[PDB]
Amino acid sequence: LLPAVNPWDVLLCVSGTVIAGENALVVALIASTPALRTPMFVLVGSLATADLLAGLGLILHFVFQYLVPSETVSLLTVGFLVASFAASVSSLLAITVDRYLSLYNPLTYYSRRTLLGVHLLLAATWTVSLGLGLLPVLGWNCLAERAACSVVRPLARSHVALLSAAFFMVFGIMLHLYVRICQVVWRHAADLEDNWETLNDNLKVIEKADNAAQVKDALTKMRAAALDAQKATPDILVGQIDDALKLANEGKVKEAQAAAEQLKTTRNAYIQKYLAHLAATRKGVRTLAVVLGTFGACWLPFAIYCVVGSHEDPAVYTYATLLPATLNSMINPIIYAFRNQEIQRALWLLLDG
């Protein structure tokens, strides 16, 4: 398709309908499903709305780039594409802090600070994304004799470059947070083993002592280890330790040890529970990793070409950089369905009349 410019367009022309359609479906499910009202999925919905504007913007671009009322309207549509890109990258960052903050300390991840911040994230996102998309309609265009146009007219090279430079820095920070997220998950997975080691060491030393105090020390060091596992990623175990502790103090070494050995019944069920949650956390973080990789891999080529390209360069270099960026909004709805089970359930929920 090197010499085929319009066939490059027709590929994107109908692809905008797909991107507009599929995202329009996702935004509905988040809005129409209470289980998806959690901050994670609300922020994902914003990305869908951002990816939604991408499909609408280019659809109206072709509809107006070919037999439109006027070109000034086409200068609004480019704002939609600008607005979508800012609304997509901005919200994509927002999902990262939600993951980091949620994993960093869920107890501090309360329904007050979080839900408050969530509305500001979307508000601070779209108020800026739209604002950037509206700047061209206030003079930030390239249709002047003293302004050089970019690969995507009427956007000027000066302004697309600032967006490109801003995008690199924003994407550079999102990578840093993802590592911090990993550090959080690693740390949450590290202190857990220490509690398990101390918890098991305490159980064993309980048997290897004939003093009623050695039992108290191990249980006290055991209760603290049990408690530390709760503050990390927020009953019967500690409750049974309390019952075990209640016996140790009042001279019940023989029977207090018996209660310590029933903890294994709960502890075996207690340990088997935490492992699954980290599996859910890793996949949730893993899905975050995949999304970030696709976003950059599909937008970065355009981010560079719009700054280092020349108007003496062929057009195929333009679409070759827009094609991944355009279809990036088509792929984002697909990723969550195949990875995130909570939203995938609603997708296959509708099965028959």
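Heads up: residue numbers just count along the shown sequence, starting at 1.
- Count the deposited residues lacking coordinates between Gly131 and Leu132 and you get none at all.
- For the pair 204-212 and 154-162, the mean B factor over Cα atoms is greater in 204-212.
- On average the C-alpha atoms of 181-189 have higher B-factors than those of the other stretch, with 181-189 and 90-98 being the two compared.
- Which of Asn195, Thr77, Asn141, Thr127 has the largest Cα B-factor in the deposited entry comes down to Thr77.
- For the set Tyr66, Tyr319, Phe295, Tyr305, the maximum C-alpha B-factor listed in the entry falls on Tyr66.
- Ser70 sits in the highest third of its chain by CA B factor, as recorded in the PDB entry.
- Among the modelled residues of its chain, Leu11 has a C-alpha B-factor that falls in the highest third, as given in the PDB entry.
- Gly117: CA B factor lies in the middle third for its chain, per the PDB record.
- In the deposited entry, the Cα temperature factor of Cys149 sits in the bottom third of values across the chain's modelled residues.
- When the modelled residues of the chain are ordered by their C-alpha B factor, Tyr270 lands in the highest third.
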